[PDB]
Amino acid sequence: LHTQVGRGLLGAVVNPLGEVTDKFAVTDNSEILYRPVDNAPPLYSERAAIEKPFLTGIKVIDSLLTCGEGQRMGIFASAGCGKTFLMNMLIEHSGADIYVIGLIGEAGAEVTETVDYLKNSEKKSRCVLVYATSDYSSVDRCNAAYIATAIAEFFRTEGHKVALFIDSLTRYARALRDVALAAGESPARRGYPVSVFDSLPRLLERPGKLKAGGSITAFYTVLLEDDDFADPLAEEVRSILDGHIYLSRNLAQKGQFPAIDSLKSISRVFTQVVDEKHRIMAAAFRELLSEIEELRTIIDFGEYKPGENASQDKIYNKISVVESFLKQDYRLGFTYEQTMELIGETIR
């Protein structure tokens, strides 16, 4: 019910008991304090409206899905869609003060993958990793999510621009269902006034930007089933968050990385965090993508023949510059100016 927080956790790997078990960076600060893990969500009069962008360095996100400081964004993906590499990019190419990762995963190998990434990351001195492997109980799996959030909330109270990653809500929620069973609850017969299942919306409302403090911008991964179908957990989470990035198994098969399907993704704060000329270019690019998709299915239907339709020929000759804009080397980050300069070149 209480855990370690503070700048002394920067560079540390924390287990579901609040224990430091490993380090991927050593830092100057030794500050170690104690805060409750079941912190209340910000009262409505304390939240500030999302109006400043959280730049990610990822071309398609910053142009078409622009995030905001304090926003909660879902990442929806099937296995093998580069979810982890997208998270790595979001850490490496954004500009947060402090990154807090909560791995609610299954394999010890998964945690070490992330530790090894952090060990060679330019951001190692400002990240904290919290983990729970498959060995741990459902209670410990859940507490890992609560510990990552509490650590991030401390840094927010200090005034920091914090980015929080929970991977995954799927395994958190499934562990939470197990904990509910210990209390005698099922999703159809819930306890009252306190249900174990209420920890899910409570966990998701803690991010945001405080009027009197910093911000927590949160990315929650949701693991999709077969042909990218969304189970009830995925649909419930889609309605609570402030947007979602959809990773398409169909874009991944084709060698597009990041496998973000822009037309099935959205940032609900988009128009609040970019200016008019950005909005205009984004709208023009999305229509170009929609026209490209329309030409892809005409091609698959065997209906495209060059020189028949000058409009189709122009859309066809745009496919290569559009694909080049979308794709991104995972070691590469782009400034906002570079991204808007590139996208403008694409729609001319």
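All residue numbers are counted from 1 along the displayed sequence.
Looking at mean Cα B-factors across 331-339 and 21-29, the upper value is held by 21-29. Between 224-232 and 188-196, the higher mean Cα B-factor belongs to 224-232. As recorded in the entry, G105 carries the highest CA temperature factor of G105, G208, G95, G243. Between the residues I298, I319, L288, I280, it is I298 that shows the highest Cα B-factor in the PDB record. In this PDB entry, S137 carries a Cα temperature factor that places it within the lowest third of its chain's modelled residues. Ranked within its chain, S248 lands in the middle third, by CA B factor from the PDB record.
Ranked against the other modelled residues of its chain, the C-alpha B-factor of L55 as given in the entry falls in the lowest third.
Split the chain's modelled residues into thirds by C-alpha temperature factor. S239 is in the highest one.
Ranked by Cα temperature factor within the chain, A79 sits in the highest third according to the deposited record.
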